[PDB]
Structures are given as C-alpha cells and as structure tokens.
Amino acid sequence: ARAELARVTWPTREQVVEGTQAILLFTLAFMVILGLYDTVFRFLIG
Amino acid sequence: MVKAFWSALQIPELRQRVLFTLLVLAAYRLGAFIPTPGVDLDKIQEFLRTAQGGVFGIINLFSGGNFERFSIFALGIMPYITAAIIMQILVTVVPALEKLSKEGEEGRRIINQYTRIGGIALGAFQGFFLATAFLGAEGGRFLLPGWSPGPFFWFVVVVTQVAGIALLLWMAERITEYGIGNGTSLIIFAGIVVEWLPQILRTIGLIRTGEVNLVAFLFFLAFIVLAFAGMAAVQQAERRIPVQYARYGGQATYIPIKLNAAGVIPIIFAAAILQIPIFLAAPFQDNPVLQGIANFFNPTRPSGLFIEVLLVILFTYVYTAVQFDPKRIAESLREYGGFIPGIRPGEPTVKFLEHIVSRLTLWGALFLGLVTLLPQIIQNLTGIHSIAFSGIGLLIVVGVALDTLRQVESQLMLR
C-alpha cells in the first residue's frame, strides 16, 4: 500500500497560474461583494 | 480559469445567474446584521467574544459573524447539515431512501423536504437551548430592560431564528430554483470570507502601529497562494489506466480515478462531527470538565486542531469510500464489452481496486490533514489569532471558487 504515480496522469499541469488566478479573482470578488452590502446597509440608516 | 471566466461572463444566461445570487447575497449579508427583538444585542457578543463564549468561536464563523451579534443568521445555516449526517445515517440502514432518491431526482425532494421541516425543528431546538441556560439563566445580563427572562422573550427569539434560519435556508431554495447553482456551499463560504476580512485592514494600520508587519503578512498570505496553486492541480489530478475492448454506441476511451474526487463533501461533514461534542458542552460555564471538553476540541488550539487534522483527513477517505460510483462503473464495463489488462472479473476486480483507494487517499487526505494543522501553527508563529484563520475558512475560499469555475465550464460543455 504505497501508490506509484505511474500510469498516473493529469490532463492538468500547465494551467496552474491561469487556474490559480481564478481561485483568486473569484474570492477577491466575494468579500468586496459582501462588503458592498454592509456599507450600503449603512448609507440609508445614517 | 482567469481569461475564460471573463468570457464565461460574456454568456447572458451564465452571466445572468451570477447576479440573482448577488440579490440574495446582499439580503443575506443584510440578514447578517439583524439583532434579536429582546437581546440587548448590545449585551450578547463579547461574552461570546471570550475564551468562554469564544468557544462559540466556530458558530460565529460559519454563520458569518452573525452569532456574536446574535443576528437572525446567528445560528446561520447550521440546523439542516447536522441533519445531513443522521440522514446520511438514515440512508444506508434504510435501504430504500436512495431507491427513492435515485429513481429520478423527484425521490430526493421528499428527502430534502423532510430534512427542511426537521431543519426548521432543529433550529427551534438549538435556540430552545441557548436561552434555557445561557442568556436567560443569568438574569437580565444579555437582555433589554422591561422584557422578561421568561416565556415571552423566549418566544420573541424562537421566531427570530425560525424565520431567521428559515430565511437563510430559503436563500438556498430560491437561488438553486431559479438563479444559479447551489445557494448552499456558497452561503457558508461567504460567511468565512466576511470574517476573514477587516482583521486585514486592522493589520495594515497595525503594520503602521507596529502591529505585526509586512513579512509576517507576507508569509501568512503567500501560504494562501500556495493554497490556490496546489489544491487545484490536486483536484484535477488522476491515475490513468489502460483497458481494451473486443468484437451499441458510447465510449471506448481511457478511464482515470481522481487522487481525491471531491475536496468539499468530505471536509464539510468533517467540520460537522467536529461540532456536536463542543456545542453540547459549551453552555455549561460551571462544571470544570465540560469546560475542558469545550476548550480542548477548540480547533484553534493545537489539540482540537490535531482532532481537526484527523477528522478532515479520514472523513475524506471514508466518504472516498461510500457512494455507488465503482458499482455504476463496473456495470457499464459489463453490458458493453470492456476489460482491464491481465485482470479478472469477480474478486480480483475487488482487491485490484481495494489496493488503489488504499494508495491514493493516503498521500491525499494527508494533504487535507496538513491542510488543517498549520494556520494554527501560523497562529502559533505569526501575528493573528482568530477562529476564522483556523485554516477551515480558506479551504473553501479556495474550494468554492474552484468547483464554480469547475462546473460553469461543465455547464458550457453541454450546449
């Protein structure tokens, strides 16, 4: 019980950056999207 | 998935759906602000902001900071997922609930719907408890003037979280219905990222005051980039195997199995079992042992963390050892003429497979275990210690982003 990455293959090994830079601008577009809410739930009340 | 996600936004149905999500998101971050009609909202939090109510540390997070302020999303979207294991426990001992669930998707609606009414009942019990012992028992400690620490306040709060957990529930049932994807998942992941946020801009004016620094705030976040650029290749990893066929449509191509096929399901349910033994002992501030079992498992303390490492690892493996994929697989390799080199059907198709998910989900969920350990070592090493960065709420910072740009692509590869 000690797998060799033998006949093992990944259709994926260059897409790293491109794929990483999407796991980045997805989440660098959620908190701000979340933060656009509290800020706007702050204009009317004030 | 960076230039393509942009051109995926250039598709006015795929594009469209990511906004209705915002519509809820807004209203959801909105629900993320709403006090209790009787809790001195003003006297609820920093009891919960303590090594005594900060044991509540985990509930605040997933809900979305909502617990501390005790918002209508206080419990968040919890009391439907701790009914997702007892039901995943009521799924194999009840050998017909899948037969209901799998003979068309309209036999998992009942499942979903009984899970929902129970998911309203549970969230009427988890509040039925935080009142009976926590807010109430102390007196007018956490509470408004005039209001009674008895039944009428206890009743103005039951409906605060039953149209407050029913609301966050619904937010899933209407994004999933007519907007994009699964409102769920999404709804937990956002709850961490909004708690993984202002501490950052605390940090910069602190990297101004003295307060930590650029280089502790270099090593903590380059780690976050080692998290984006690894987990993915891993999610799109696989072992490819040769087969052949002999002398009526379909596929003849090669068949690979993922090192790890799902990074999410096994890590979520893992956060789950991590909960019950903490929140059962958490509301007893007087008995010294229950106050041990609540601070130990604290996954932001080296031991609970060690148990957090564990549970995230082996839940990967054994949920990477439940569902009916290999059986489904073995049959379509059967009615249509296929086979593996040198390999027989029957028992040496059992032990030739029993060797592999004993070879993959070893190096695999190890990753997920080490994935769970070190931000606390980071939080034993750097400049911040908050239950958010317990390393659980980035796993999905990664994860959600990924599977989205992993199923959107899978949505486009269908038209």
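Residues numbered from 1 in each chain as written, not as in the entry; some residues may be left out. Chains lettered and ligands numbered in written order. Heavy atoms only, no water. Residues with missing side-chain atoms left out of burial classes, pairs and counts.

Labelled according to the PDB entry, chain B appears under the name Preprotein translocase SecY subunit, originating from Thermus thermophilus. Quoted verbatim from the Sequence similarities (unreviewed entry) field of UniProt, the annotation for chain B is "Belongs to the SecY/SEC61-alpha family." (UniProt positions renumbered as here; feature names shortened; annotations may be inferred.)

The name given to chain A in the PDB entry is Preprotein translocase SecE subunit, with the source organism recorded as Thermus thermophilus. Regarding chain A, the UniProt comment filed under Subunit (unreviewed entry) reads as follows: "Component of the Sec protein translocase complex. Heterotrimer consisting of SecY, SecE and SecG subunits. The heterotrimers can form oligomers, although 1 heterotrimer is thought to be able to translocate proteins. Interacts with the ribosome. Interacts with SecDF, and other proteins may be involved. Interacts with SecA." Under the Sequence similarities (unreviewed entry) heading, UniProt states for chain A: "Belongs to the SecE/SEC61-gamma family."

**Details of the overall build of chain A**
Helix and strand counts for chain A come out as three helices and zero strands. The secondary structure elements of chain A, listed N-terminal to C-terminal, are α-α-α. Considered along the principal axes of its C-alpha atoms, chain A spans approximately 65 × 25 × 10 Å. (Helix = DSSP H or I, 4+ residues; strand = E, 2+ residues; numbered from the N terminus.)

**Comments concerning a nonpolar patch on the surface**
A surface patch of nonpolar side chains, about 460 Å² in accessible area, is lined by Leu214(B), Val215(B), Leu218(B) and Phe219(B). Within the element layout of this structure, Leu214(B) appears in the loop between α12 (198-209) and α13 (216-235). (Patch = residues over 30% accessible without salt bridge, like charges linked within 9 Å, V, L, I, M, F, W, Y side chains within 5 Å. Areas by Shrake-Rupley, 256 points an atom, 1.4 Å probe, with all protein chains shown as cover. Salt bridge = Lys/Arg side-chain N within 4 Å of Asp/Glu carboxyl O.)

**Looking at the packing of helix α7 (residues 109-125) of chain B against helix α8 (residues 127-138) of chain B**
Residue and element names in this part refer to chain B. Between α7 and α8, the shortest axis-to-axis distance is 3 Å and the interhelical angle comes to 5 degrees. The angle between α7 and α8 falls in the class roughly parallel. Between α7 and α8, the contacting residues are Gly-123, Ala-124 and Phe-125 on the first element and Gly-127, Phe-128 and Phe-129 on the second. (Axes fitted to C-alpha atoms, helices over the stretch in contact; angles between N-to-C directions. Parallel < 35°, antiparallel > 145°, perpendicular 65-115°, else oblique. Contact = heavy atoms within 4.5 Å.)

**Considerations on the packing of α13(B) against helix α20 (residues 395-412) of chain B**
Residues and elements named next belong to chain B. Their axes nearest at 10 Å, the elements α13 and α20 cross at an angle of 50 degrees. Compared by their axis directions, α13 and α20 come out oblique. Taken as a pair, α13 and α20 cross one another with a handedness that is right-handed. On α20, the residues touching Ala-227, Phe-228, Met-231, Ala-232 and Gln-235 of α13 are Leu-395, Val-397, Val-398, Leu-402 and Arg-406. Per-class residue counts for the contact of α13 with α20 are eight nonpolar, one polar and one charged. (Left-handed = near helix turned anticlockwise from the far one by under 90°. Nonpolar A, V, L, I, M, F, W, Y, C, P; charged D, E, K, R; others polar.)

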